[PDB]
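Reading through the structure tokens given below for one structure.
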Amino acid sequence: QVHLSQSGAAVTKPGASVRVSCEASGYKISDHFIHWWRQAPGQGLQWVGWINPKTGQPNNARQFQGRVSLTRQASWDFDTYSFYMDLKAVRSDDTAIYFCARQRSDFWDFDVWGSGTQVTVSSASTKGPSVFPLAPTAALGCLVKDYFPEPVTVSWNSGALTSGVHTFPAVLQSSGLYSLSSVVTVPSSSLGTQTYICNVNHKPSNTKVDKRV
Amino acid sequence: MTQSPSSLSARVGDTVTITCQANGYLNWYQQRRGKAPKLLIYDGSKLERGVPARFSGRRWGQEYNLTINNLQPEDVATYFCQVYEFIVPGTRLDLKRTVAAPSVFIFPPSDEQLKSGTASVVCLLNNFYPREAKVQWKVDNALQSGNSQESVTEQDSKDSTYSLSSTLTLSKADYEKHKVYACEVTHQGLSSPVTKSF
Ligand SMILES: *[C@@H]1O[C@H](CO)[C@@H](O)[C@H](O)[C@H]1NC(C)=O
């Protein structure tokens with residue numbers, strides 16, 4: 001069926017160039033324009049540009065004039081097409097989710113979207129997190145601090161504890177690394193009795209700590 | 001060309017209307033946290049295939065309405081309208097539940113982290129509704145007004161509440177000088193601000 005598969009998350013250094021990809025399949029591709037959109041965290045969508053799949057002709061927003069390149073490579077039988085968005089001279093501003101979307105009609109209704117690619121522009125380089133405890137109905141948690149890049153996963157008692165757990169979304173610091181928190185609530189009684197163990201994994205750096213609280 | 005309001009709360013079974021100021025071939029999209037948009041209505045009022053009939057749009061002269069009948073829990077999302085390259089900022093929609101005061105906690109810095117030169121103090125606002133809350137940091141009655149970040153969970157799909165953490169970050173040095181640390185938070189379900197201290 002009609003589908004747009006995008007490449008996975010990219011990390012980029014300031015001043016460098018990043019390439020996002022979209023693979024179209026499942027329909028008459030020559031007959032519909034592909035657009036790129038993007039979404040900064042806590043922001044609306046902004047249009048980047050479009051590309052004509054027959055001619056290869058692109059057009060983009062003036063904000064990106066001279067630093068974005070939309071290109072196309074078709075398959076032989078035309079059953080599949082790859083679409084690229086190359087962004088060069090990247091800035092802080094360029095950190096966002098980038099979506100590809102298929103234009104259905106001549107009037108810009110977008111009925112099929114790719115899933116999005118995260119593009120993080122950052123000075124830093126891969127780093128495992130430092131996990132510190134949030135010590136004590138009662139609350140307790142783990143502060144998972146200064147890691148890179150995202151993501152990390154947090155469990156309690158190896159997935160054996162799930163109810164009452166809140167794992168917060170990561171925030172970005174003046175440092176340029178990310179910190180989040182995982183908290184869980186428990187009755188004041190169960191602390192002497194029960195063993196509570198934050199269990200963090202940050203596979204891109206191959207870290208996997210278990211912390212008692 | 002704006003959209004109103006910026007946040008809506010509704011009960012299940014209710015009808016909700018979102019209004020767009022825009023002009024042209026106008027399209028409405030639903031977007032779920034962390035996910036791609038989904039076309040609901042195109043061309044002002046045509047309903048996209050596979051979308052439930054409880055969605056409709058009508059052309060209100062210069063402006064356009066989106067309507068959701070018999071609102072449902074899957075309707076919790078952000079809605080926006082688009083005309084060619086132009087997007088209107090959007091409306092968060094969440095489920096209405098009884099007002100619930102925040103459960104507040106404060107965690108001093110671990111001694112383990114101080115060994116690294118940085119001090120983190122955390123406030124936790126647990127399970128409250130509606131989403132709107134404000135946190136402020138007091139220590140020795142000094143009110144800090146830089147050096148703080150805040151993270152908020154999504155409306156919980158079990159009990160319809162929100163949780164919030166504010167992290168105040170310090171050097172090991174400044175942490176030592178002052179001694180007594182406090183979080184103060186204000187919420188609809190609290191008649192007067194509450195503070196936790198260490
Ligand atoms: C659209 O919504 C507004 C309120 O948001 C309502 O008062 C108005 O009657 C609606 N307009 C139309 C086209 O019925």
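The way I read the labels, and the way they are meant: chains A, B, ... in the order of the structure tokens, residue 1 as the first residue of every chain, and ligand 1 as the first ligand shown, with later ones counted on from there.
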
Neighbours of chain B in chain A at 8 Å, counting only C-alpha atoms, as an mmCIF file with N, CA, C and O atoms, in the first residue's frame:
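The file below, result.cif, is the result:
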```
data_model
loop_
_atom_site.group_PDB
_atom_site.id
_atom_site.type_symbol
_atom_site.label_atom_id
_atom_site.label_comp_id
_atom_site.auth_asym_id
_atom_site.auth_seq_id
_atom_site.Cartn_x
_atom_site.Cartn_y
_atom_site.Cartn_z
ATOM 1 N N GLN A 43 6.719 23.367 18.747
ATOM 2 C CA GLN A 43 6.521 24.344 17.673
ATOM 3 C C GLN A 43 5.583 23.785 16.637
ATOM 4 O O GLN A 43 5.273 22.586 16.642
ATOM 5 N N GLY A 44 5.137 24.652 15.741
ATOM 6 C CA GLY A 44 4.245 24.241 14.664
ATOM 7 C C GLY A 44 5.053 23.696 13.502
ATOM 8 O O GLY A 44 6.274 23.680 13.548
ATOM 9 N N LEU A 45 4.384 23.229 12.464
ATOM 10 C CA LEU A 45 5.105 22.757 11.304
ATOM 11 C C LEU A 45 5.576 23.945 10.476
ATOM 12 O O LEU A 45 4.827 24.912 10.316
ATOM 13 N N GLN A 46 6.779 23.878 9.909
ATOM 14 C CA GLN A 46 7.091 24.814 8.846
ATOM 15 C C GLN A 46 7.501 24.112 7.546
ATOM 16 O O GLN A 46 8.260 23.139 7.567
ATOM 17 N N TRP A 47 7.005 24.634 6.423
ATOM 18 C CA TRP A 47 7.280 24.085 5.093
ATOM 19 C C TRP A 47 8.735 24.357 4.686
ATOM 20 O O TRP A 47 9.240 25.480 4.762
ATOM 21 N N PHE A 99 9.623 15.871 8.347
ATOM 22 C CA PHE A 99 8.636 14.959 7.762
ATOM 23 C C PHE A 99 8.662 15.042 6.236
ATOM 24 O O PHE A 99 8.855 16.118 5.671
ATOM 25 N N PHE A 107 -3.937 20.945 -4.719
ATOM 26 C CA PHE A 107 -4.122 22.027 -3.764
ATOM 27 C C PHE A 107 -3.591 21.779 -2.347
ATOM 28 O O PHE A 107 -4.094 22.346 -1.342
ATOM 29 N N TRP A 108 -2.555 20.948 -2.284
ATOM 30 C CA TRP A 108 -1.744 20.800 -1.074
ATOM 31 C C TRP A 108 -2.439 20.141 0.146
ATOM 32 O O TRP A 108 -2.139 20.521 1.278
ATOM 33 N N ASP A 109 -3.326 19.158 -0.073
ATOM 34 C CA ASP A 109 -3.809 18.274 1.026
ATOM 35 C C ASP A 109 -2.872 17.080 1.162
ATOM 36 O O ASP A 109 -2.622 16.337 0.198
ATOM 37 N N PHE A 110 -2.372 16.888 2.378
ATOM 38 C CA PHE A 110 -1.346 15.904 2.607
ATOM 39 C C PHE A 110 -1.884 14.675 3.340
ATOM 40 O O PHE A 110 -1.982 14.659 4.562
ATOM 41 N N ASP A 111 -2.223 13.647 2.572
ATOM 42 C CA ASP A 111 -2.888 12.466 3.106
ATOM 43 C C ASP A 111 -1.963 11.373 3.563
ATOM 44 O O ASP A 111 -2.399 10.462 4.264
ATOM 45 N N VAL A 112 -0.701 11.411 3.142
ATOM 46 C CA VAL A 112 0.275 10.415 3.619
ATOM 47 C C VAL A 112 1.584 11.080 4.060
ATOM 48 O O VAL A 112 2.202 11.871 3.359
ATOM 49 N N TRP A 113 1.975 10.764 5.275
ATOM 50 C CA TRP A 113 3.149 11.324 5.873
ATOM 51 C C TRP A 113 4.103 10.200 6.199
ATOM 52 O O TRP A 113 3.683 9.096 6.559
ATOM 53 N N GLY A 114 5.390 10.469 6.037
ATOM 54 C CA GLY A 114 6.415 9.626 6.634
ATOM 55 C C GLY A 114 6.398 9.799 8.151
ATOM 56 O O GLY A 114 5.783 10.718 8.662
ATOM 57 N N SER A 115 7.104 8.942 8.874
ATOM 58 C CA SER A 115 7.027 8.937 10.337
ATOM 59 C C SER A 115 7.856 10.052 11.008
ATOM 60 O O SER A 115 7.738 10.263 12.209
ATOM 61 N N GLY A 116 8.729 10.719 10.260
ATOM 62 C CA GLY A 116 9.580 11.736 10.837
ATOM 63 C C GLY A 116 10.987 11.225 11.103
ATOM 64 O O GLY A 116 11.187 10.044 11.409
ATOM 65 N N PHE A 132 21.825 9.393 39.366
ATOM 66 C CA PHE A 132 21.828 9.724 40.788
ATOM 67 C C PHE A 132 20.448 9.451 41.381
ATOM 68 O O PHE A 132 19.443 9.594 40.694
ATOM 69 N N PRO A 133 20.392 9.063 42.664
ATOM 70 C CA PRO A 133 19.099 8.684 43.252
ATOM 71 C C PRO A 133 18.301 9.883 43.790
ATOM 72 O O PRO A 133 18.873 10.839 44.314
ATOM 73 N N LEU A 134 16.976 9.802 43.681
ATOM 74 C CA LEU A 134 16.078 10.735 44.348
ATOM 75 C C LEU A 134 15.569 10.022 45.581
ATOM 76 O O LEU A 134 14.629 9.232 45.504
ATOM 77 N N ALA A 135 16.185 10.302 46.722
ATOM 78 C CA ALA A 135 15.877 9.555 47.927
ATOM 79 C C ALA A 135 14.677 10.152 48.669
ATOM 80 O O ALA A 135 14.536 11.381 48.764
ATOM 81 N N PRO A 136 13.812 9.271 49.202
ATOM 82 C CA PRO A 136 12.592 9.619 49.945
ATOM 83 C C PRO A 136 12.821 10.685 51.016
ATOM 84 O O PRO A 136 12.877 10.340 52.202
ATOM 85 N N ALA A 139 7.568 9.352 47.653
ATOM 86 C CA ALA A 139 8.162 9.439 46.310
ATOM 87 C C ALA A 139 9.667 9.142 46.304
ATOM 88 O O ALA A 139 10.402 9.444 47.258
ATOM 89 N N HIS A 166 6.431 7.561 36.736
ATOM 90 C CA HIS A 166 6.452 8.657 35.757
ATOM 91 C C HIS A 166 7.896 8.884 35.309
ATOM 92 O O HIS A 166 8.768 9.194 36.126
ATOM 93 N N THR A 167 8.161 8.669 34.028
ATOM 94 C CA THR A 167 9.464 8.998 33.460
ATOM 95 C C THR A 167 9.286 10.261 32.621
ATOM 96 O O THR A 167 8.563 10.236 31.629
ATOM 97 N N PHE A 168 9.951 11.357 33.004
ATOM 98 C CA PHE A 168 9.742 12.647 32.330
ATOM 99 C C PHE A 168 10.457 12.754 30.992
ATOM 100 O O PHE A 168 11.445 12.058 30.750
ATOM 101 N N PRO A 169 9.942 13.628 30.105
ATOM 102 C CA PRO A 169 10.691 13.915 28.878
ATOM 103 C C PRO A 169 12.006 14.648 29.150
ATOM 104 O O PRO A 169 12.121 15.437 30.094
ATOM 105 N N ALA A 170 12.999 14.356 28.317
ATOM 106 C CA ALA A 170 14.335 14.905 28.485
ATOM 107 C C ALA A 170 14.343 16.400 28.206
ATOM 108 O O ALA A 170 13.586 16.864 27.384
ATOM 109 N N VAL A 171 15.173 17.149 28.918
ATOM 110 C CA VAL A 171 15.369 18.560 28.639
ATOM 111 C C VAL A 171 16.816 18.776 28.211
ATOM 112 O O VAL A 171 17.683 17.946 28.503
ATOM 113 N N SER A 181 14.233 12.644 34.349
ATOM 114 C CA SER A 181 13.999 11.983 35.622
ATOM 115 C C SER A 181 12.937 10.908 35.510
ATOM 116 O O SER A 181 12.023 10.998 34.699
#
```

Test item: residues at most 9 Å from stretch 6-23 of chain B, only C-alpha atoms, excluding those fewer than 2 positions along its chain, as a VMD selection string: chain B and resid 1 to 4 25 to 26 60 62 to 73 78 to 83 88 to 97 130

Between atom CA of residue A:96 and atom CA of residue B:157, distance in Å (one decimal): 26.3 Å

Close residues, stretch 200-207 of chain A itself excluded, 6 Å, only C-alpha atoms, min 2 positions apart in chain, as a ChimeraX atom specification: /A:128,152-154,209

Neighbours of residue A:35 within 8 Å (only C-alpha atoms; same-chain residues fewer than 4 positions away dropped), as a PDB file with N, CA and C atoms, in the first residue's frame?
```pdb
ATOM      1  N   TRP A  47       7.005  24.634   6.423  1.00  0.00           N
ATOM      2  CA  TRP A  47       7.280  24.085   5.093  1.00  0.00           C
ATOM      3  C   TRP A  47       8.735  24.357   4.686  1.00  0.00           C
ATOM      4  N   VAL A  48       9.395  23.315   4.227  1.00  0.00           N
ATOM      5  CA  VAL A  48      10.752  23.455   3.783  1.00  0.00           C
ATOM      6  C   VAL A  48      10.775  23.602   2.263  1.00  0.00           C
ATOM      7  N   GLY A  49      10.133  22.682   1.561  1.00  0.00           N
ATOM      8  CA  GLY A  49      10.069  22.763   0.114  1.00  0.00           C
ATOM      9  C   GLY A  49       9.352  21.603  -0.547  1.00  0.00           C
ATOM     10  N   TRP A  50       9.254  21.647  -1.865  1.00  0.00           N
ATOM     11  CA  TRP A  50       8.730  20.493  -2.586  1.00  0.00           C
ATOM     12  C   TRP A  50       9.650  20.075  -3.695  1.00  0.00           C
ATOM     13  N   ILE A  51       9.396  18.885  -4.209  1.00  0.00           N
ATOM     14  CA  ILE A  51      10.125  18.364  -5.337  1.00  0.00           C
ATOM     15  C   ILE A  51       9.164  17.621  -6.238  1.00  0.00           C
ATOM     16  N   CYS A 100       8.534  13.909   5.565  1.00  0.00           N
ATOM     17  CA  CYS A 100       8.127  13.948   4.156  1.00  0.00           C
ATOM     18  C   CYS A 100       6.613  13.673   4.062  1.00  0.00           C
ATOM     19  N   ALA A 101       5.948  14.298   3.102  1.00  0.00           N
ATOM     20  CA  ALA A 101       4.504  14.101   2.951  1.00  0.00           C
ATOM     21  C   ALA A 101       4.142  14.106   1.477  1.00  0.00           C
ATOM     22  N   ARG A 102       3.175  13.292   1.092  1.00  0.00           N
ATOM     23  CA  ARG A 102       2.766  13.221  -0.296  1.00  0.00           C
ATOM     24  C   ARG A 102       1.618  14.178  -0.488  1.00  0.00           C
ATOM     25  N   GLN A 103       1.689  14.978  -1.551  1.00  0.00           N
ATOM     26  CA  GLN A 103       0.631  15.884  -1.928  1.00  0.00           C
ATOM     27  C   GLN A 103      -0.436  15.120  -2.724  1.00  0.00           C
TER      28      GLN A 103
END
```

DSSP-assigned helix (DSSP H, G or I) members of chain A, reported as a ChimeraX atom specification: /A:29-31,62-64,92-94,190-193,203-205

Selected residues written out, C-alpha atoms, as a PDB file, in the first residue's frame:
```pdb
ATOM      1  CA  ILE A  29       4.844   8.237  -7.791  1.00  0.00           C
ATOM      2  CA  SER A  30       5.442  10.322 -10.893  1.00  0.00           C
ATOM      3  CA  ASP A  31       1.947  11.732 -10.360  1.00  0.00           C
ATOM      4  CA  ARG A  62      13.507  31.480   1.273  1.00  0.00           C
ATOM      5  CA  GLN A  63      14.674  30.743   4.787  1.00  0.00           C
ATOM      6  CA  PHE A  64      16.564  27.786   3.285  1.00  0.00           C
ATOM      7  CA  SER A  92      21.095  25.360  16.208  1.00  0.00           C
ATOM      8  CA  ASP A  93      17.695  26.267  14.635  1.00  0.00           C
ATOM      9  CA  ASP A  94      17.898  23.144  12.442  1.00  0.00           C
ATOM     10  CA  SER A 190       6.922  -0.696  51.646  1.00  0.00           C
ATOM     11  CA  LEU A 191      10.388   0.919  51.865  1.00  0.00           C
ATOM     12  CA  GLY A 192      11.823  -1.330  54.557  1.00  0.00           C
ATOM     13  CA  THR A 193      10.240  -4.305  52.784  1.00  0.00           C
ATOM     14  CA  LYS A 203      22.530   1.638  24.074  1.00  0.00           C
ATOM     15  CA  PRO A 204      24.169   4.119  21.691  1.00  0.00           C
ATOM     16  CA  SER A 205      26.998   4.393  24.256  1.00  0.00           C
TER      17      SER A 205
END
```

Pick from B:134, B:33, B:59, B:158 nearest to residue B:186, counting only C-alpha atoms: B:134

Separation of atom CA of residue B:178 from atom CA of residue B:141, in Å and rounded to one decimal: 10.2 Å

Best match for closeness to ligand 1 among B:44, B:159, B:31, B:58, counting only C-alpha atoms and all ligand atoms: B:58
